[PDB]
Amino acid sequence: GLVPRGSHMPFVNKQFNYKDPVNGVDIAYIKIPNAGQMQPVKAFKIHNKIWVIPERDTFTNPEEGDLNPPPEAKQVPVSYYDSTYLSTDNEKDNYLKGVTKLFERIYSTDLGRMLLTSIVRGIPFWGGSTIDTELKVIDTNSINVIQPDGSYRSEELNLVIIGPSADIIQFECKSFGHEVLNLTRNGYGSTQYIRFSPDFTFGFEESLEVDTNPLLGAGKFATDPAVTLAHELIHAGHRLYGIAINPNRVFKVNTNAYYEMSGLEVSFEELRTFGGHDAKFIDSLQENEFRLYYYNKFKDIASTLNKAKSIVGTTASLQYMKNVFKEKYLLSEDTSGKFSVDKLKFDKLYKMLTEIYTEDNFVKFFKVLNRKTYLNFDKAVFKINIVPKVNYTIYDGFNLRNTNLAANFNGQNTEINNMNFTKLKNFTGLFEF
């Protein structure tokens, strides 16, 4: 199983049941801000600042309400549609349990404890105030929770895990408050909504020449969904600290003949998140530019804080909140009480969020087999069920100790462990070659 850190308290202290009655505190009907008459949805608070909505995401993007698969002629190769998935209470219960178990698997590693700790500390900056003597929240970093008396209270949060939209296997991140400010790239950060399903996973090939070839392999090995959730959490970490890289900054891939011949491009933000050898394809000149840019945004935040002399609202005091951001951005404070950004500390924080928290490093912690590069081609999608401990555990994922699955990644081998995988679609050969 994974490289452990030793006994620790669970990341999720409640074992939620989807049908548990609402209590208006950590099981509650909620509404996202600026949603007009949206019907409330039942949501579950799994940890401070992190909530789960076990519903398909028909609510975040106005462009994405229909779960119905488009016309067969219309659908891309790597996609999968099922308008009924996550429609029933039992599925929702399973979803909650599956997401819970993957957070616990992540938090059982030191790397996962570090990332989840950064995520909880990464409170979206209070950049809301029209005037600078006052520090105000940005209310799109909050949700509206129905209390037991039927009234709404607003609650700040950092992360919401929600079910996918129409394409089940597209795990996008939506966030709010960026119609003018690019909150995920200006140091501020914003609450992230990650579309994710612990009920499906992807097949990959164990040979590099086959996995990076769009015509070969059927997806013999299944990706551990804890790696996939970690990958989304790393993106969310960059976005909560406001240092995600504009997706228009791309590597025009020329290290893989098949990518090149199709003119496929991959964002720097993906190479960064993958890590390993992939991050080296980020142009160093551009990377150095990015660091300087984010460093300056952090200096803007320190200046903003410095001007604030009163807080708005009654959740927390001005001193509490100045300290929350001093912590978050690791600001220095002078004899006079002025905050500044220390270059050394900035370099440490940026490196932690962008080099230490990477997919490739998570693979090392989990001791799982995984794609060796992001520059590969997906092979297949599988239906799985990680909830029963006979199928998947916090410590071992699929590669269960004291079974024939413990060695050689047998548990991820979808031919040996075939009871744990139902292949839903082949992608190989549907590629545009």
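Throughout, we count residues from 1 along the sequence that is shown.
**Q** Which has the higher mean CA temperature factor in the PDB entry, 360-368 or 402-410?
**A** Result: 402-410.
**Q** Mind pulling up the entry and telling me whether 10-18 or 416-424 has the higher mean Cα temperature factor?
**A** The entry gives the higher C-alpha B-factor average to 10-18.
**Q** Looking at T88, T201, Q75, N213, which one carries the largest C-alpha B-factor according to the PDB entry?
**A** In this record, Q75 carries the highest C-alpha B-factor of the candidates.
**Q** Sorting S108, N323, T140, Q170 by Cα temperature factor from the record, which one lands on top?
**A** Of the options given, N323 has the highest CA B-factor in the PDB entry.
**Q** By its CA B factor, does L375 count among the lowest, middle or highest third of the modelled residues in the chain?
**A** It belongs to the middle third of the chain when residues are ordered by C-alpha B-factor.
**Q** Ordered by C-alpha B-factor within the chain, which third holds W126? Give me lowest, middle or highest, please.
**A** Answer is middle: the recorded C-alpha B-factor places it there.
**Q** State the tercile, meaning the lowest, middle or highest third, of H178 with respect to the CA B-factors recorded for its chain.
**A** Answer is highest: the recorded C-alpha B-factor places it there.
**Q** By the record's CA B-factor, is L240 among the lowest, middle or highest third of residues in the chain?
**A** Its C-alpha B-factor, which the entry lists for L240, ranks in the lowest third among residues of this chain.
**Q** Taking the values exactly as deposited, rank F382 by C-alpha B-factor within its chain and report the matching third: lowest, middle or highest.
**A** Tercile = lowest for this residue's CA B-factor.
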